[PDB]
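**Student:** If you scroll down you'll find the structure; I have some questions about it.
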Amino acid sequence: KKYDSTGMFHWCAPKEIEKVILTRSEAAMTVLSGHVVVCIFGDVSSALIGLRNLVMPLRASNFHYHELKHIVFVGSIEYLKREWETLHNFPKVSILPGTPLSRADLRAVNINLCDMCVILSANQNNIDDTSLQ
Amino acid sequence: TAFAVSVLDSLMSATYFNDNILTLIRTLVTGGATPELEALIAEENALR
Amino acid sequence: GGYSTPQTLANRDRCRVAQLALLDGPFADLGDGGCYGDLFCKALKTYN
C-alpha cells in the first residue's frame with residue numbers, strides 16, 4: 001500500500017505521534033535539505049487550522065517519492081497532538097516541539113536550506129484588539 | 001530593607017542623556033553581562 | 001490506502017506546477033533573447 005484508494009495521493013501506514021517527534025539534537029543529526037518548515041502559533045485552546053489541506057497538495061501522486069518535500073511542523077506539541085489524527089497517513093512528516101520565535105529550534109531544522117517557510121497562526125481569531133493582531 | 005520599581009523610572013531620562021550610565025549600571029549590577037553573553041542568551045534562551 | 005492497480009497508475013499521470021530557471025540548461029540561450037513567446041513555443045513543442 002503506497003497510494004490512496006483513488007491512486008491520486010501518496011499514502012503511508014498509520015504512524016504513532018511519538019515516532020515522528022524530534023528533539024533539537026535529534027533534528028540536528030538528521031539532514032533536512034530542500035524541505036518545508038511550517039511554523040504553528042497555537043495551543044490546546046486554539047482553533048484547528050486544517051493542516052491536512054496544507055500537506056495534501058504537496059504530496060500528490062504526480063510527485064516521485066524521492067521528490068517529496070519533508071514537512072516539519074515546528075510548534076507546541078499540545079496543539080499539534082489534536083491534529084495528528086488527520087496527518088498520520090502521510091509520509092515524510094515530522095514534528096518538533098518548541099516555538100517559532102526560538103532561533104535554536106530554527107537552526108535545528110536547518111531553516112537556511114528550506115524551499116519555503118510557512119508561518120501560520122491559530123489563536124489570532126480569539127484576540128480582538130488591533131494591537132494584538 | 002525595601003525596594004520598589006517606581007524608583008527605576010528615572011533611568012529612562014538619564015539613558016537619553018548618556019547611555020554610558022546605563023551601561024555602567026548594567027555591568028555593575030547584573031554581574032558583567034558582556035554583549036557576547038547577551039547574544040548567546042538571545043540565541044538559545046539558556047547558558048552553555 | 002489502495003493497492004497497485006493500472007487504473008491508479010494511469011491516474012498518477014498529471015501536470016505538476018514548478019518554477020524553472022534560465023541561468024543554465026537548454027533555455028540558457030533564450031535567457032537574454034528578448035522573445036518570451038519564442039521560449040514558450042519552444043518549451044511547449046519540445047517538453048510540453
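Every chain in the C-alpha cells has a letter given in the order shown (A, B, ...), and although residue numbers restart at 1 in each chain, ligands are simply numbered from 1 in the order shown.
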Using only C-alpha atoms and a distance of at most 10 Å, pull out the residues of chain C that contact chain A, as JSON, numbers by chain.

**Tutor:** {"C": [1, 2, 3, 4, 5, 6, 7, 8, 9, 10, 11, 12, 13, 14, 15, 16]}

**Student:** Could you write out as a PyMOL selection string the residues of chain B within 8 Å of chain A, counting only C-alpha atoms?

**Tutor:** chain B and resi 43-45

**Student:** Using C-alpha atoms, can you write the selected residues to a file as a compact mmCIF listing (two decimals), in the first residue's frame?

**Tutor:**
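Written file, selection-v7.txt:
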```
# COMPACT_ATOMS: atom_id res chain seq x y z
CA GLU B 43 20.11 32.56 20.65
CA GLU B 44 19.20 29.51 22.77
CA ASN B 45 17.45 31.12 25.79
```

**Student:** Within 10 Å of residue 77 (chain A), counting only C-alpha atoms, which residues qualify if same-chain residues fewer than 5 places away don't, as an NGL selection string?

**Tutor:** :A and (17 or 21 or 40 or 42-44 or 82-83 or 95-99)

**Student:** Would you save the residues from that selection as a short mmCIF file (atom, residue, chain, number, x, y, z; two decimals), in the first residue's frame, using C-alpha atoms?

**Tutor:**
```
data_model
loop_
_atom_site.label_atom_id
_atom_site.label_comp_id
_atom_site.auth_asym_id
_atom_site.auth_seq_id
_atom_site.Cartn_x
_atom_site.Cartn_y
_atom_site.Cartn_z
CA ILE A 17 2.67 10.53 17.21
CA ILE A 21 8.51 13.71 17.29
CA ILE A 40 2.47 26.96 14.08
CA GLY A 42 -1.30 27.76 18.66
CA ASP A 43 -2.08 25.95 21.89
CA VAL A 44 -4.59 23.44 23.24
CA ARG A 82 -5.00 17.47 18.26
CA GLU A 83 -4.29 17.38 14.51
CA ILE A 95 7.04 17.38 14.40
CA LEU A 96 9.39 19.47 16.56
CA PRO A 97 8.05 20.80 19.89
CA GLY A 98 9.05 24.37 20.63
CA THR A 99 8.28 27.88 19.44
#
```

**Student:** What parts of chain C does DSSP call helix (DSSP H, G or I)? I'd like the answer as a list in words.

**Tutor:**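 So, restricting chain C to helix (DSSP H, G or I), we get residues 6, 7, 8, 9, 10, 11, 28, 29, 30, 36, 37, 38, 39, 40, 41, 42, 43, 44, 45 and 46 of chain C.
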
**Student:** CA of residue 19 (chain A) to CA of residue 94 (chain A): how many Å, to one decimal?

**Tutor:** 8.7 Å
